[PDB]
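K.L.:
can't give you the sequence, but here's the structure:
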Ligand SMILES: [Ca+2]
Ligand SMILES: [Ca+2]
Ligand SMILES: [Ca+2]
Ligand SMILES: [Ca+2]
Ligand SMILES: [Ca+2]
């Protein structure tokens, strides 16, 4: 006879779920539309029209949608597959119907780990930062809404830092000092709860300097010194101090607390007689030299030297 019946699906739409762990060729859904108008015209030919985006395919005669060749399914991905049941009458006398498949990609067994907003974090702290002061909230959220367990794993042997098990706030647990340790680099972890479900991340704490160390003089350098009389710019002796702080806070500058019209001092701390010294006038000069770090909010140190002038 003629073509008299339209190839029809039983439903309008299909919600079906797909996973990350799937491989090419794995069956997604068997769609079967009835035409039942027997002839060439009773014989159906399926086809995805649009919305597969290269990650899906249907077998023409069977009506079976499968994962396409060579594709990796990204998680949390929407797809809407319009699939067309075409009957095999001539093009003139053809009939068509449509059906839409609504798919979402999931994680393997639908449970990713909890993920951090970043893979690395760069912090900065002053060694002077108050104990208990919060450094960083590590709010790593969990796709499925599971409860999170935070904890540091490596990079903190001291436990100088405390990461709240529940809240993910990173407080400071013991007092910082920069000379002890100049920077910490932690490894931190969120837990889904099961072993498969745990992400990692790295925090890079960098401690910055305060002037909390006065320049200390070398203990062994000579304090009891000699000089020749009747000589301007004559060498007397040398002092030396150091500062375990850094920057301008590390640089030491030598100054004289007395006798600065008589004696002078260099950048390096060498002391010279600025004028023609004399034994008949003054054979005991008890001089005090001062080291001051060249810093904002500076610190001082003193050293009384014992200079006794000789003649020859
Ligand atoms: Ca038909
Ligand atoms: Ca999870
Ligand atoms: Ca310090
Ligand atoms: Ca200092
Ligand atoms: Ca310091």
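P.N.:
The structure has been received and is ready for your questions. Numbers count the residues shown, from 1 in each chain. Ligands and ions are numbered 1, 2, ... in the order given.
K.L.:
got the residues of this structure near ligand 1?
P.N.:
3, 5, 35, 37, 41, 87 (Cβ under 5 Å from the ion). Where C-beta positions appear, they are placed from N, C-alpha and C, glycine not excepted.
K.L.:
Tell me the spacing between the third one and ligand 3.
P.N.:
Read that as residue 35. Distance, residue 35 to ligand 3, by Cβ to the ion, to the nearest Å: 85 Å.
K.L.:
Please apply the same query to residue 6.
P.N.:
Residue 6 sits 84 Å away from ligand 3, going by Cβ to the ion.
K.L.:
quick one: contacts for that residue?
P.N.:
Residues near residue 6 by Cβ atoms under 8 Å, 6 or more residues apart in numbering: 35, 87, 95-97.
K.L.:
Which two among the residues you listed are spaced furthest apart?
P.N.:
Greatest spatial distance in the contacts of residue 6: 35 and 96, 10.9 Å, computed using Cβ to Cβ.
K.L.:
Kindly tell me how buried residue 169 is, as a neighbour count.
P.N.:
By other Cβ atoms under 10 Å, 15 other residues sit near residue 169.
K.L.:
For residue 156, give me its contacts.
P.N.:
Taking Cβ under 8 Å, 6+ apart, we find residue 156 in contact with 184, 186.
K.L.:
Can you point out the helix or strand that includes it?
P.N.:
For residue 156, there is no enclosing helix or strand under DSSP states H and E.
K.L.:
roughly how far apart are it and residue 3?
P.N.:
Applying Cβ to Cβ, to the nearest Å, the value for residue 156 to residue 3 is 77 Å.
K.L.:
and the residue of the chain found nearest ligand 2, what does it touch?
P.N.:
Nearest residue of the chain to ligand 2 (Cβ to the ion) works out as residue 192 at 4.0 Å. Residues in contact with residue 192, defined by Cβ under 8 Å, 6+ apart, are 111-114, 142, 144, 146, 198.
K.L.:
Of those residues, which belong to strands?
P.N.:
Among the contacts of residue 192, the members found in strands (DSSP state E) are 114, 142, 198.
K.L.:
can I assume the first one is in contact with residue 145?
P.N.:
No - because the distance of 10.0 Å does not satisfy Cβ atoms under 8 Å, residue 114 is recorded as not touching residue 145.
K.L.:
of these two, who's got more company?
P.N.:
Applying other Cβ under 10 Å to residue 114 and residue 145 shows that residue 114 carries more neighbours, namely 25 against 7.
K.L.:
where do the strands sit along the stretch 201-312 of the chain?
P.N.:
216-217, 224-228, 234-238, 241-242, 252-256, 263-265, 270-273, 285-293, 300-310 (DSSP state E, counting those that start in this stretch).
K.L.:
same deal with the stretch 51-200 of the chain?
P.N.:
In the stretch 51-200 of the chain, the strands defined using DSSP E, counting those that start in this stretch lie at 56-58, 64-67, 78-87, 96-106, 114-115, 120-122, 125-126, 134-137, 141-142, 149-154, 161-163, 169-172, 183-191, 198-208.
K.L.:
Domains in the protein, by residue range?
P.N.:
13-106, 114-208, 216-310 (curated CATH domains).
K.L.:
So the second one, near ligand 4 or not?
P.N.:
Spelled out, it's domain 114-208. No - using Cβ under 5 Å from the ion, domain 114-208 stays clear of ligand 4, with a minimum separation of 10.7 Å.
K.L.:
wait, does that domain contact ligand 3?
P.N.:
Yes - Domain 114-208 is in contact with ligand 3 by Cβ under 5 Å from the ion, via 177, 179.
K.L.:
Pull the distance from that domain to the chain's centre.
P.N.:
Distance of domain 114-208 from the chain centroid (Cα atoms, centre = their mean, to the nearest Å) equals 10 Å.
K.L.:
Contacts only, for residue 188.
P.N.:
Applying Cβ under 8 Å, 6+ apart, the residues near residue 188 are 116, 138, 150-153, 163, 170, 200-203.
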